[PDB]
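Undergrad: Mind looking over this structure? Questions follow.
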Amino acid sequence: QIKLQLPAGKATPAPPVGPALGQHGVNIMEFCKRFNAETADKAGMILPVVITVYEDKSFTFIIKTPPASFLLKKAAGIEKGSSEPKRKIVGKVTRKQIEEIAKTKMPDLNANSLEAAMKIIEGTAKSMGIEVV
Amino acid sequence: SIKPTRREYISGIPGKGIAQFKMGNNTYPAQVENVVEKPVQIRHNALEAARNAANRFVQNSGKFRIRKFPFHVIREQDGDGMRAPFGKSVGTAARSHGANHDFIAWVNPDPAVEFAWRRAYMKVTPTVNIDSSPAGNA
Amino acid sequence: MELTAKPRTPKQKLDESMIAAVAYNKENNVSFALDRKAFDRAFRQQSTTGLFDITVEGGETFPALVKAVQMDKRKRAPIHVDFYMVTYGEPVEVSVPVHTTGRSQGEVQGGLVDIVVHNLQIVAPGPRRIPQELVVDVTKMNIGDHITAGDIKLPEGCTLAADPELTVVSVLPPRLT
Amino acid sequence: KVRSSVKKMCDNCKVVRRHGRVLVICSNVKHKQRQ
RNA sequence: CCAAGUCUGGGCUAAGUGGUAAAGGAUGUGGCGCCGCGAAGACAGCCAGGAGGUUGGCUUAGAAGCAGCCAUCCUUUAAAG
């Protein structure tokens with residue numbers, strides 16, 4: 001029933017992992033060696049973990065796919081937002097490109113319809129700096 | 001109502017030194033504003049100021065218009081002592097004729113500017129009247 | 001709407017609940033009637049901005065209403081109004097308003113704004129023939145631009161009791177452009 | 001404290017009357033409003 | 001105290017105001033108009049979720065309502081903050 005923000009390729013630090021887990025009924029040694037299995041592939045980037053124990057003092061559960069923010073930047077070719085939204089809008093795109101990017105985001109998107117899919121991309125666009133023209 | 005020596009012999013023909021009129025933004029109906037009732041050679045300075053601090057707290061759209069402006073002034077200590085007093089000027093303004101059209105917080109729906117002016121009254125000096133115009137304030 | 005009186009009694013009248021207000025019309029007038037309570041309501045609507053009329057003895061149910069008056073006094077509560085009808089096909093002195101919307105150009109992007117020394121529009125279209133609410137806003141706003149008379153853009157009734165190039169409504173720096 | 005000129009802190013700080021007196025009150029030592 | 005109605009009528013005071021004062025405050029109190037509703041059975045008590053794309057931009061070393069400068073939109077649904 002805990003939530004952490006552990007690093008990658010380092011499953012032995014006493015300062016954070018020690019007190020934050022040991023007092024909650026979690027064996028620090030064994031819970032750490034299990035991470036050296038799934039975080040070894042994508043080592044280097046901080047990966048948040050959500051450990052959930054029971055009444056036997058064990059388990060590991062859901063650690064992680066990755067980023068989904070930097071790959072969108074690679075396509076457009078803007079890092080970060082320009083400045084402040086609704087004051088310096090200068091990044092227009094088109095209608096047809098916003099239509100196909102929402103068709104794959106459906107799993108974590110609002111509803112499985114086509115009208116509701118285009119409406120979320122309208123809210124997160126104007127809150128940053130991507131006006132649809 | 002003691003006033004000055006003339007509009008060009010004593011002290012008449014100035015800019016009075018201040019910070020112009022208009023601010024805020026337009027607005028066809030919404031009548032948002034401020035006026036008074038008090039009589040007082042409105043304290044220039046105090047004046048100029050005040051109003052300004054007004055913009056200081058808001059910024060843009062809310063007729064930060066303001067229909068005032070001094071243009072005459074007092075005088076006192078300079079020379080011998082107290083007797084035959086020549087005159088040394090300082091502090092012009094204008095008579096706030098027992099109430100009248102002050103400055104205007106004029107605009108559609110932008111009370112975010114009403115409160116402003118408000119802050120504008122707070123300031124000022126001679127009490128002030130908080131009000132609306134033909135229609136009110138929306 | 002209703003409003004009565006017309007004898008010769010302004011003081012007390014000019015007092016209480018009934019405010020003076022002459023019965024003005026091309027050719028004839030008649031003691032002041034009305035009331036300090038009707039003025040309210042109606043007036044509250046949009047005096048010389050739309051128009052109606054009241055039934056005093058069913059006399060003459062006509063429009064034209066007010067072409068003058070004042071909440072004068074300091075207090076800011078009118079007293080002593082003017083009233084003139086128009087059962088004619090000459091209706092000229094017609095001053096009805098004009099509204100925009102907010103079209104985004106200098107504002108919701110440039111923060112800039114715009115003064116409208118205009119708003120109203122005393123003209124003279126088709127007498128007893130005007131849309132109590134006429135709107136016209138070709139948009140545009142920002143930098144050192146300005147629009148006024150000249151351009152404008154008048155629909156139907158071709159009057160203009162006004163002139164060209166003059167207090168239309170421009171866009172100024174609510175801060176800086 | 002301010003004896004003169006008290007007006008509502010915390011989004012609660014109440015308006016009470018003791019001895020006709022008006023002294024601010026609200027779940028905070030940082031409100032001990034009094035006049 | 002000192003001469004003369006502890007007159008009658010109907011309001012308003014709960015501070016001794018009366019018996020000196022301003023800016024400035026506050027469901028004091030009494031009398032007048034407005035917006036929403038109580039059988040879409042209404043504000044304040046109580047049961048509950050206390051919704052998701054919201055975890056957007058400057059600064060990020062931290063905005064991601066609960067540092068602050070700009071946004072202020074979309075939603076599958078019991079509605080939206």
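Going by the structure tokens order, chains are called A, B, ..., each with residues numbered from 1, while ligands are numbered from 1 in the order shown.
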Would you kindly return, as a PyMOL selection string, each protein, DNA or RNA residue with an atom no farther than 12 Å from any atom of residue 170 of chain C, considering only C-alpha atoms (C1' of nucleotides) and excluding same-chain residues fewer than 4 positions away?

TA: (chain B and resi 25-27) or (chain C and resi 105-106+112-119+137+139-149+165-166+174)

Undergrad: Neighbouring residues of segment 8-19 of chain D were defined as those with any atom within 8 Å, considering only C-alpha atoms (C1' of nucleotides); residues of the same chain fewer than 4 positions away were excluded. Please report them as a PyMOL selection string.

TA: (chain D and resi 23-28+31) or (chain E and resi 26)

Undergrad: How far is it from atom CA of residue 66 of chain C to atom CA of residue 137 of chain B, in Å with one decimal?

TA: 22.7 Å

Undergrad: May I ask for the distance between atom CA of residue 118 of chain A and atom CA of residue 96 of chain A, given in Å to one decimal place?

TA: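 Taking atom CA of residue 118 of chain A as the start and atom CA of residue 96 of chain A as the end point, the length is 11.0 Å.
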
Undergrad: At most 12 Å is the cut-off: for each residue in chain E with any atom that close to an atom of chain C, write down the nearest atom pair and the distance in Å rounded to one decimal, counting only C-alpha atoms (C1' of nucleotides), chain first then increasing number, as CSV.

TA:
```
residue,atom,partner,partner_atom,distance
E:33,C1',C:37,CA,10.9
E:70,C1',C:109,CA,10.9
E:71,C1',C:108,CA,11.0
E:72,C1',C:108,CA,11.8
```

Undergrad: Hey, which of A:37, A:128, A:89, A:101 ends up closest to residue 63 of chain A? Count only C-alpha atoms.

TA: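 Closest residue, counting only C-alpha atoms: A:37.
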
Undergrad: Residues near residue 75 of chain B, anyone? I mean within 9 Å using only C-alpha atoms (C1' of nucleotides), not counting same-chain ones fewer than 5 positions away, as a list in words.

TA: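 Once the nearby chain positions are removed, what remains is residues 87, 88, 89, 90 and 91 of chain B.
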
Undergrad: Take the residues from that selection and write them out as a JSON list (two decimals), in the first residue's frame, keeping N, CA and C atoms.

TA:
```json
[["chain", "number", "residue", "atom", "x", "y", "z"],
["B", 87, "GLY", "N", 4.26, 85.97, -2.00],
["B", 87, "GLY", "CA", 3.67, 84.73, -2.48],
["B", 87, "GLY", "C", 4.67, 83.77, -3.09],
["B", 88, "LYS", "N", 4.66, 82.53, -2.61],
["B", 88, "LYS", "CA", 5.44, 81.47, -3.24],
["B", 88, "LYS", "C", 4.51, 80.29, -3.52],
["B", 89, "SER", "N", 4.35, 79.98, -4.80],
["B", 89, "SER", "CA", 3.36, 79.00, -5.25],
["B", 89, "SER", "C", 3.65, 77.57, -4.83],
["B", 90, "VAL", "N", 2.76, 76.65, -5.20],
["B", 90, "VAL", "CA", 2.96, 75.23, -4.94],
["B", 90, "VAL", "C", 1.66, 74.47, -4.65],
["B", 91, "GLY", "N", 1.37, 73.48, -5.49],
["B", 91, "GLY", "CA", 0.21, 72.61, -5.29],
["B", 91, "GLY", "C", -1.06, 73.07, -5.98]]
```

Undergrad: May I have the residues within 12 Å of residue 24 of chain E as a list in words, using only C-alpha atoms (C1' of nucleotides) and disregarding those fewer than 4 positions away in the same chain?

TA: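 Result of the neighbour search: residues 122, 125 and 127 of chain B; 4, 5, 6 and 7 of chain D.
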
Undergrad: From chain D, collect each residue whose DSSP state is strand (DSSP E or B) and return the set as a list in words.

TA: residues 14, 17, 18, 21, 22 and 25 of chain D

Undergrad: Would you mind writing down, as a compact mmCIF listing (two decimals) with C-alpha atoms, in the first residue's frame, each residue of segment 43-160 of chain C that DSSP on the backbone assigns to helix (DSSP H, G or I)?

TA:
```txt
# COMPACT_ATOMS: atom_id res chain seq x y z
CA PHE C 43 -36.60 53.71 -18.51
CA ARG C 44 -34.61 50.92 -16.87
CA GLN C 45 -35.09 49.03 -20.14
CA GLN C 46 -33.54 51.48 -22.56
```

Undergrad: Under the rule of at most 8 Å, produce a per-residue listing of chain A near chain E: chain, number, name, the closest pair of atoms, and the distance in Å, as a Markdown table, using only C-alpha atoms (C1' of nucleotides).

TA:
```
| residue | atom | partner | partner_atom | distance |
| --- | --- | --- | --- | --- |
| A:81 | CA | E:57 | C1' | 5.5 |
| A:82 | CA | E:57 | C1' | 7.0 |
| A:83 | CA | E:57 | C1' | 5.4 |
| A:84 | CA | E:70 | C1' | 4.1 |
| A:85 | CA | E:71 | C1' | 5.3 |
| A:86 | CA | E:71 | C1' | 6.4 |
| A:87 | CA | E:70 | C1' | 7.0 |
| A:108 | CA | E:53 | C1' | 7.8 |
| A:109 | CA | E:53 | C1' | 5.8 |
| A:110 | CA | E:76 | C1' | 5.1 |
| A:111 | CA | E:76 | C1' | 3.9 |
| A:112 | CA | E:76 | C1' | 7.4 |
| A:116 | CA | E:75 | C1' | 6.0 |
| A:118 | CA | E:74 | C1' | 7.6 |
| A:119 | CA | E:74 | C1' | 3.9 |
| A:120 | CA | E:74 | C1' | 3.9 |
| A:121 | CA | E:74 | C1' | 6.8 |
| A:122 | CA | E:74 | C1' | 5.8 |
| A:123 | CA | E:73 | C1' | 4.0 |
| A:124 | CA | E:56 | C1' | 5.8 |
| A:125 | CA | E:56 | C1' | 7.7 |
| A:126 | CA | E:73 | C1' | 6.8 |
| A:127 | CA | E:56 | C1' | 4.7 |
| A:128 | CA | E:56 | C1' | 5.1 |
| A:129 | CA | E:57 | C1' | 7.6 |
```

Undergrad: Would you mind listing what lies within 12 Å of residue 115 of chain B as a ChimeraX atom specification, with only C-alpha atoms (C1' of nucleotides) counted and same-chain residues fewer than 4 positions away left out?

TA: /B:32-34,54-55,57-58,62,105,110-111,119-122,130-131,137

Undergrad: Quick one: residues within 12 Å of residue 47 of chain B, only C-alpha atoms (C1' of nucleotides) counted, chain neighbours fewer than 2 positions away excluded, as a PyMOL selection string?

TA: chain B and resi 16-21+40-45+49-54+66-70+91-96+102-103+120-121+123-126

Undergrad: If we count only C-alpha atoms, which residues of chain C reach to within 10 Å of chain A? Please list them as JSON, numbers by chain.

TA: {"C": [107, 108, 109, 110, 111]}
